[PDB]
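Following: one structure in structure tokens, then a few remarks.
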Amino acid sequence: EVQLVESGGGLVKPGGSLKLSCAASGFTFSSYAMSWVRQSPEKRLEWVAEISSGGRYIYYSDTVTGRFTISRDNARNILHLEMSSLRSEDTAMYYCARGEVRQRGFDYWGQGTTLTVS
Amino acid sequence: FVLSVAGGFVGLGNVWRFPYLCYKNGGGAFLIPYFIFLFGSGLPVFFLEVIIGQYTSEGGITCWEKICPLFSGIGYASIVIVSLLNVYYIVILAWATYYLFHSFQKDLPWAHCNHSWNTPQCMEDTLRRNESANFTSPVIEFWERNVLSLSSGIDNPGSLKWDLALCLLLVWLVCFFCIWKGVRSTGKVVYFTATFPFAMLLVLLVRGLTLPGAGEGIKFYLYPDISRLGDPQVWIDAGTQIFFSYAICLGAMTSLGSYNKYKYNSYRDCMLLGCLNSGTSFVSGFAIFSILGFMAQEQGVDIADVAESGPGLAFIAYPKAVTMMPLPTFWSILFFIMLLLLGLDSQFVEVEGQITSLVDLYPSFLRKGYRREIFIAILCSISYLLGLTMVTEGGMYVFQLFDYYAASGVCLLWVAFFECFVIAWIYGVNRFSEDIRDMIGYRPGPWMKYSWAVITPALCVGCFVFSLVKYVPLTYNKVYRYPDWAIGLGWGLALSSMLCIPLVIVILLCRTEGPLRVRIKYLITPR
Amino acid sequence: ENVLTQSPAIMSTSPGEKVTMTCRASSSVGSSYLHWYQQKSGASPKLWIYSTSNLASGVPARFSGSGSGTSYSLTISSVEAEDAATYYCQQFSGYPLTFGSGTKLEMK
Ligand SMILES: O=C(O)CC1=NCN=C1
Ligand SMILES: [Cl-]
Ligand code: NA
Ligand code: NA
């Protein structure tokens with residue numbers, strides 16, 4: 001069964017650093033292009049950063065281009081997302097989303113890690 | 001993209017090559033390795049070269065700098081293949097022009113027997129059943145005695161044949177004056193140059209299928225129970241027909257690679273174009289083998305012996321069908337203008353791909369503008385002077401040597417196996433499919449992945465060693481065996497492309513400094 | 001970015017009534033590259049319609065999509081009680097992937 005499990009949620013200071021951990025199981029993780037999609041507290045869903053099947057082709061959103069770092073661990077199937085210079089308008093609910101086929105989209109989503117910036 | 005590529009490889013390989021390659025190998029038994037190579041190899045290698053061209057910013061030789069620079073000479077092998085292909089492909093267009101120019105008179109030269117080139121072993125086709133088998137039809141004998149003026153062997157070239165050299169000069173002037181000195185088909189692709197070929201093929205199909213005795217011709221076309229698949233010429237002939245009709249060990253598709261957008265969906269386009277080409281070959285096969293069934297029913301001879309088991313089948317059966325068609329002058333004019341249109345579009349695409357690859361190989365070594373114009377004339381002059389050795393009386397022999405060895409033999413199997421092997425087991429099916437996911441959107445399925453990994457290397461090496469352990473010699477028209485020196489020349493033609501890859505491997509290993517494992521590691525990392 | 005302006009978020013649909021919502025993209029999406037998502041009350045979103053015409057696994061046949069290029073739509077034939085959710089259209093073409101706004105399809 002495909003189930004994406006995220007962790008690392010909590011409260012951090014503005015300009016702080018936090019590291020999320022989308023642990024994945026139920027599929028060949030090395031053959032599926034991950035993504036991170038956040039959801040703002042007013043429930044306006046927003047894509048953050050995706051990473052390709054091998055981890056060579058990495059894209060970010062225009063808002064979080066210069067300060068967000070998505071990474072994978074294909075050996076044990078965990079998706080990560082490093083954050084630094086985390087400003088006030090980055091508190092959200094971060095989902096990891098499996099989107100490999102661009103015609104299929106994010107066909108499997110994870111739970112939420114409620115990130116709060118105080 | 002599609003408009004300049006749907007004429008780019010739907011050309012004389014479907015209306016001329018696949019006919020006699022099916023005829024030479026028993027008709028029904030040719031289609032089994034044809035479809036095996038088409039589904040396990042041909043559309044995988046089609047998508048493979050298209051994506052190799054599209055992913056790299058360039059194409060041709062230097063597309064193997066962003067994909068495994070150690071095997072950089074698959075582009076050089078492609079250059080040698082497309083050069084030899086340009087030579088013998090344009091002499092096919094020379095024969096088509098010679099047929100067109102002799103069609104303008106009201107009585108066609110291949111219609112009746114009382115002509116100056118006809119031996120006393122000639123009767124008309126409607127008289128061969130009445131007279132009771134060492135007799136020649138007017139179409140075959142017109143071909144071999146006026147078009148070819150065919151000699152007694154490759155060791156007797158006779159004389160350089162007049163007016164075929166002028167027809168070859170005519171098609172080369174058309175090619176030189178409509179590739180870089182002018183423009184290609186731009187606004188004429190709509191409603192002509194792309195649907196008039198298919199309308200003419202449909203007309204030939206509905207003529208040949210309605211001919212009497214065409215059912216036994218279709219039976220010869222679609223029954224594998226002759227020329228059994230234990231002799232390897234069928235497998236290698238079908239594999240090279242796939243890799244020839246797709247121009248897919250040629251560098252042309254990699255050249256029309258980089259002229260695509262990076263995030264361009266080019267999988268459905270490639271399957272649509274490949275299925276269109278296979279349907280064109282298969283439907284033209286129905287047409288020409290229905291005509292050959294009519295010819296065998298009319299002459300009273302067997303279907304496998306009614307015409308040339310060699311590159312005259314589109315120049316015998318199709319002119320014969322034109323003869324048994326109302327107003328044959330008009331339809332011969334349209335049919336050989338059609339052959340000229342297919343061959344000219346495919347030759348424009350191949351010479352444009354060769355020139356694009358050669359200027360990506362040497363940017364600013366030959367200056368664009370002044371010295372770009374000189375290079376097209378130099379290439380056309382060189383390929384014309386090496387095309388005049390197929391114009392002579394022993395010119396079909398050299399042409400069949402080229403057609404079996406130069407750009408459609410073990411060279412194509414070698415380049416296809418090495419492309420699939422390089423991608424799959426050096427670049428990685430996983431990493432290459434990640435690149436494909438970035439561009440197309442989706443990772444290619446187990447068909448493409450297992451075809452580049454296992455199926456197309458297994459097919460290419462299996463047919464390559466099958467045509468060597470059970471070796472058969474090259475024979476022309478099932479009667480003329482080739483000499484040892486002609487087989488050596490054809491193998492030199494094949495080895496001029498196959499030995500582009502080990503030559504650049506030893507060149508890149510000699511020119512780089514360090515131990516051998518570190519050298520190979522540095523040379524297979526993409527740049 | 002590709003700004004995807006969507007239908008007004010709060011709309012009240014009676015059960016068993018044919019309603020629909022739109023999705024206007026600022027740029028041109030290839031119409032095999034735009035997907036619709038459904039997020040329930042406080043749960044995670046899930047893929048609902050992919051390539052603006054198809055249906056994902058578990059999606060009822062009452063849902064359908066149309067439109068191409070710029071204007072895209074989601075059409076519901078008859079709304080049942082399991083439809084109180086928020087819908088996001090999402091282009092997938094441009095490398096800054098953008099979801100649409102909310103459409104909180106609620107009840108009366
Ligand atoms: O098959 C054809 O006639 C078109 C072509 N093949 C290779 N180069 C051109
Ligand atoms: Cl073919
Ligand atoms: Na063509
Ligand atoms: Na062809």
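Letters for chains follow the order of the structure tokens (A, B, ...), residue numbers begin at 1 for each chain, and ligand numbers begin at 1 in the order shown.
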
(Q) Give me, as a PyMOL selection string, all polymer residues having an atom no more than 9 Å from residue 282 of chain B, counting only C-alpha atoms and skipping those fewer than 6 positions away in the same chain. (A) chain B and resi 14+18-19

Q. Residues at most 7 Å from ligand 3, using only C-alpha atoms and all ligand atoms? Could they come as a list in words?
A.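 Using only C-alpha atoms and all ligand atoms, I find these residues within 7 Å of ligand 3: residues 6, 7, 8, 9, 10, 11, 194, 341, 342, 343, 345 and 346 of chain B.
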
Take the residues that were just selected and, keeping C-alpha atoms, output them as a compact mmCIF listing (two decimals), in the first residue's frame.
# COMPACT_ATOMS: atom_id res chain seq x y z
CA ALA B 6 6.69 12.67 -42.10
CA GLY B 7 8.41 13.20 -45.45
CA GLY B 8 11.80 12.74 -43.83
CA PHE B 9 11.70 8.96 -43.50
CA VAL B 10 8.55 8.04 -45.45
CA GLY B 11 10.44 7.89 -48.72
CA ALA B 194 2.67 14.90 -48.50
CA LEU B 341 9.15 13.73 -54.43
CA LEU B 342 9.65 11.01 -51.78
CA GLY B 343 13.32 10.61 -52.63
CA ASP B 345 12.28 15.02 -49.44
CA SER B 346 14.21 12.16 -47.83

Q.
as a PyMOL selection string, please: every residue in chain C that a backbone DSSP assignment puts in strand (DSSP E).
A. chain C and resi 4-6+11-12+19-29+34-39+45-49+63-76+85-91+104-106

Keeping only C-alpha atoms, write those residues as a PDB file, in the first residue's frame.
ATOM      1  CA  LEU C   4      -4.534  30.194 -12.043  1.00  0.00           C
ATOM      2  CA  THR C   5      -7.572  32.293 -11.163  1.00  0.00           C
ATOM      3  CA  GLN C   6     -10.461  30.043 -10.221  1.00  0.00           C
ATOM      4  CA  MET C  11     -20.727  28.279  -3.229  1.00  0.00           C
ATOM      5  CA  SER C  12     -23.701  26.439  -1.734  1.00  0.00           C
ATOM      6  CA  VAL C  19     -23.183  22.402 -10.525  1.00  0.00           C
ATOM      7  CA  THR C  20     -19.802  23.216 -12.033  1.00  0.00           C
ATOM      8  CA  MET C  21     -16.710  25.333 -11.433  1.00  0.00           C
ATOM      9  CA  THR C  22     -14.123  26.909 -13.722  1.00  0.00           C
ATOM     10  CA  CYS C  23     -10.344  27.407 -13.713  1.00  0.00           C
ATOM     11  CA  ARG C  24      -8.802  30.250 -15.731  1.00  0.00           C
ATOM     12  CA  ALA C  25      -5.059  30.013 -16.373  1.00  0.00           C
ATOM     13  CA  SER C  26      -3.001  33.111 -17.143  1.00  0.00           C
ATOM     14  CA  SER C  27      -0.782  31.216 -19.593  1.00  0.00           C
ATOM     15  CA  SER C  28      -1.595  28.352 -21.968  1.00  0.00           C
ATOM     16  CA  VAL C  29      -1.647  24.867 -20.430  1.00  0.00           C
ATOM     17  CA  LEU C  34      -3.676  20.346 -15.967  1.00  0.00           C
ATOM     18  CA  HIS C  35      -5.154  18.411 -13.060  1.00  0.00           C
ATOM     19  CA  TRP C  36      -7.950  18.883 -10.531  1.00  0.00           C
ATOM     20  CA  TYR C  37      -7.548  18.025  -6.860  1.00  0.00           C
ATOM     21  CA  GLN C  38     -10.011  17.460  -4.019  1.00  0.00           C
ATOM     22  CA  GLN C  39      -9.234  18.299  -0.400  1.00  0.00           C
ATOM     23  CA  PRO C  45      -5.731  16.738  -0.874  1.00  0.00           C
ATOM     24  CA  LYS C  46      -5.986  13.869  -3.318  1.00  0.00           C
ATOM     25  CA  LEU C  47      -5.855  13.777  -7.098  1.00  0.00           C
ATOM     26  CA  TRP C  48      -9.359  13.841  -8.572  1.00  0.00           C
ATOM     27  CA  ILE C  49      -9.179  14.676 -12.295  1.00  0.00           C
ATOM     28  CA  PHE C  63     -17.247  14.181 -12.017  1.00  0.00           C
ATOM     29  CA  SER C  64     -16.088  15.355 -15.431  1.00  0.00           C
ATOM     30  CA  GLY C  65     -13.871  18.032 -16.910  1.00  0.00           C
ATOM     31  CA  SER C  66     -13.684  20.057 -20.098  1.00  0.00           C
ATOM     32  CA  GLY C  67     -11.898  23.034 -21.610  1.00  0.00           C
ATOM     33  CA  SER C  68      -8.446  23.418 -23.104  1.00  0.00           C
ATOM     34  CA  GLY C  69      -5.615  25.914 -23.317  1.00  0.00           C
ATOM     35  CA  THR C  70      -6.766  28.716 -21.019  1.00  0.00           C
ATOM     36  CA  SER C  71     -10.223  28.017 -19.557  1.00  0.00           C
ATOM     37  CA  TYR C  72     -10.684  24.707 -17.739  1.00  0.00           C
ATOM     38  CA  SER C  73     -13.729  23.409 -15.901  1.00  0.00           C
ATOM     39  CA  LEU C  74     -14.933  20.661 -13.579  1.00  0.00           C
ATOM     40  CA  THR C  75     -18.520  19.449 -13.997  1.00  0.00           C
ATOM     41  CA  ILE C  76     -20.540  17.469 -11.441  1.00  0.00           C
ATOM     42  CA  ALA C  85     -14.889  19.579  -0.067  1.00  0.00           C
ATOM     43  CA  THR C  86     -12.488  22.133  -1.540  1.00  0.00           C
ATOM     44  CA  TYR C  87     -11.312  21.768  -5.144  1.00  0.00           C
ATOM     45  CA  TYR C  88      -8.018  22.981  -6.624  1.00  0.00           C
ATOM     46  CA  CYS C  89      -7.163  22.953 -10.301  1.00  0.00           C
ATOM     47  CA  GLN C  90      -3.458  22.596 -10.986  1.00  0.00           C
ATOM     48  CA  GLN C  91      -1.463  23.092 -14.158  1.00  0.00           C
ATOM     49  CA  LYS C 104     -15.192  25.264  -0.975  1.00  0.00           C
ATOM     50  CA  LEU C 105     -18.220  23.478  -2.402  1.00  0.00           C
ATOM     51  CA  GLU C 106     -20.447  23.425   0.685  1.00  0.00           C
TER      52      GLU C 106
END

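Proximity to chain C at a cut-off of 10 Å picks out residues 263, 438 and 441 of chain B on chain B, counting only C-alpha atoms.
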
**Q.** Contact residues (chain C, partner chain A, 6 Å, only C-alpha atoms) as JSON, numbers by chain
**A.** {"C": [32, 33, 47, 50, 51, 96, 99, 101]}

**Q.** Distance filter 9 Å around ligand 2, atoms: only C-alpha atoms and all ligand atoms, out as a ChimeraX atom specification
**A.** /B:10,13-14,17-18,34,38,238,241-246,274,277-282

Please, could you write that set of residues out with N, CA and C atoms as a PDB file, in the first residue's frame?
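Output (again.pdb):
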ATOM      1  N   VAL B  10       9.509   8.714 -44.578  1.00  0.00           N
ATOM      2  CA  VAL B  10       8.551   8.036 -45.445  1.00  0.00           C
ATOM      3  C   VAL B  10       8.970   8.396 -46.865  1.00  0.00           C
ATOM      4  N   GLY B  13      12.450   4.146 -49.067  1.00  0.00           N
ATOM      5  CA  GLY B  13      12.584   2.940 -48.273  1.00  0.00           C
ATOM      6  C   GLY B  13      11.302   2.162 -48.095  1.00  0.00           C
ATOM      7  N   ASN B  14      10.157   2.803 -48.294  1.00  0.00           N
ATOM      8  CA  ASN B  14       8.863   2.154 -48.163  1.00  0.00           C
ATOM      9  C   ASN B  14       8.276   1.737 -49.499  1.00  0.00           C
ATOM     10  N   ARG B  17      12.395  -0.038 -51.234  1.00  0.00           N
ATOM     11  CA  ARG B  17      13.319  -0.915 -50.520  1.00  0.00           C
ATOM     12  C   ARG B  17      12.605  -2.105 -49.904  1.00  0.00           C
ATOM     13  N   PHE B  18      11.592  -1.833 -49.081  1.00  0.00           N
ATOM     14  CA  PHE B  18      10.799  -2.900 -48.478  1.00  0.00           C
ATOM     15  C   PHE B  18      10.129  -3.816 -49.501  1.00  0.00           C
ATOM     16  N   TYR B  34      10.502  -8.550 -39.750  1.00  0.00           N
ATOM     17  CA  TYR B  34      10.141  -7.148 -39.939  1.00  0.00           C
ATOM     18  C   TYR B  34       9.376  -6.623 -38.733  1.00  0.00           C
ATOM     19  N   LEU B  38      10.526  -4.273 -35.738  1.00  0.00           N
ATOM     20  CA  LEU B  38       9.746  -3.047 -35.641  1.00  0.00           C
ATOM     21  C   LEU B  38       9.271  -2.794 -34.218  1.00  0.00           C
ATOM     22  N   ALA B 238      15.507  -7.708 -42.700  1.00  0.00           N
ATOM     23  CA  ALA B 238      14.386  -7.033 -42.058  1.00  0.00           C
ATOM     24  C   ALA B 238      14.853  -6.029 -41.017  1.00  0.00           C
ATOM     25  N   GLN B 241      16.076  -3.122 -42.874  1.00  0.00           N
ATOM     26  CA  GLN B 241      14.951  -2.399 -43.459  1.00  0.00           C
ATOM     27  C   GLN B 241      14.263  -1.523 -42.419  1.00  0.00           C
ATOM     28  N   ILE B 242      14.112  -2.026 -41.190  1.00  0.00           N
ATOM     29  CA  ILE B 242      13.590  -1.197 -40.102  1.00  0.00           C
ATOM     30  C   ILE B 242      14.528  -0.032 -39.804  1.00  0.00           C
ATOM     31  N   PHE B 243      15.822  -0.312 -39.662  1.00  0.00           N
ATOM     32  CA  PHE B 243      16.759   0.737 -39.278  1.00  0.00           C
ATOM     33  C   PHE B 243      17.122   1.658 -40.436  1.00  0.00           C
ATOM     34  N   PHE B 244      16.695   1.326 -41.649  1.00  0.00           N
ATOM     35  CA  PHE B 244      16.875   2.124 -42.846  1.00  0.00           C
ATOM     36  C   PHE B 244      15.655   2.990 -43.124  1.00  0.00           C
ATOM     37  N   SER B 245      14.459   2.401 -43.058  1.00  0.00           N
ATOM     38  CA  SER B 245      13.218   3.129 -43.279  1.00  0.00           C
ATOM     39  C   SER B 245      12.924   4.137 -42.185  1.00  0.00           C
ATOM     40  N   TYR B 246      13.539   3.991 -41.018  1.00  0.00           N
ATOM     41  CA  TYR B 246      13.411   4.956 -39.941  1.00  0.00           C
ATOM     42  C   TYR B 246      14.563   5.941 -39.893  1.00  0.00           C
ATOM     43  N   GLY B 274       6.073   6.476 -36.663  1.00  0.00           N
ATOM     44  CA  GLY B 274       6.552   5.132 -36.930  1.00  0.00           C
ATOM     45  C   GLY B 274       5.464   4.196 -37.418  1.00  0.00           C
ATOM     46  N   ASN B 277       4.798   5.138 -41.000  1.00  0.00           N
ATOM     47  CA  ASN B 277       5.812   4.585 -41.895  1.00  0.00           C
ATOM     48  C   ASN B 277       5.635   3.086 -42.099  1.00  0.00           C
ATOM     49  N   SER B 278       5.337   2.352 -41.024  1.00  0.00           N
ATOM     50  CA  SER B 278       5.112   0.915 -41.146  1.00  0.00           C
ATOM     51  C   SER B 278       3.858   0.617 -41.954  1.00  0.00           C
ATOM     52  N   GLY B 279       2.807   1.420 -41.776  1.00  0.00           N
ATOM     53  CA  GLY B 279       1.619   1.265 -42.593  1.00  0.00           C
ATOM     54  C   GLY B 279       1.866   1.597 -44.050  1.00  0.00           C
ATOM     55  N   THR B 280       2.699   2.610 -44.315  1.00  0.00           N
ATOM     56  CA  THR B 280       3.054   2.951 -45.690  1.00  0.00           C
ATOM     57  C   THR B 280       3.838   1.829 -46.357  1.00  0.00           C
ATOM     58  N   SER B 281       4.824   1.268 -45.646  1.00  0.00           N
ATOM     59  CA  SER B 281       5.581   0.131 -46.164  1.00  0.00           C
ATOM     60  C   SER B 281       4.682  -1.070 -46.404  1.00  0.00           C
ATOM     61  N   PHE B 282       3.787  -1.358 -45.459  1.00  0.00           N
ATOM     62  CA  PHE B 282       2.957  -2.553 -45.532  1.00  0.00           C
ATOM     63  C   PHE B 282       1.906  -2.429 -46.638  1.00  0.00           C
TER      64      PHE B 282
END

List as a Markdown table every residue of chain B that is in contact with chain A, defined as an atom at most 7 Å from one of its atoms (using only C-alpha atoms), together with the nearest atom pair and the distance in Å rounded to one decimal, sorted by chain and then rising number.
| residue | atom | partner | partner_atom | distance |
| --- | --- | --- | --- | --- |
| B:431 | CA | A:54 | CA | 6.4 |
| B:434 | CA | A:53 | CA | 5.6 |
| B:441 | CA | A:102 | CA | 4.6 |
| B:442 | CA | A:101 | CA | 4.3 |

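Across the model, the gap from atom CA of residue 497 of chain B to atom CA of residue 469 of chain B is 21.6 Å.
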
Q: Could you jot down the atom CA of residue 376 of chain B to atom CA of residue 389 of chain B separation for me, Å, one decimal place?
A: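 We find that atom CA of residue 376 of chain B and atom CA of residue 389 of chain B lie 20.6 Å from each other.
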
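Near segment 408-411 of chain B, within 7 Å and counting only C-alpha atoms, sit residues 240, 244, 403, 404, 405, 414, 415, 464, 494, 497 and 498 of chain B; same-chain residues fewer than 3 positions away were not included.
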
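Here atom CA of residue 143 of chain B stands at a distance of 17.8 Å from atom CA of residue 24 of chain B.
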
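For the choices B:183, B:79, B:154, B:127, the atom-to-atom distance to residue 392 of chain B is smallest for B:154 when using only C-alpha atoms.
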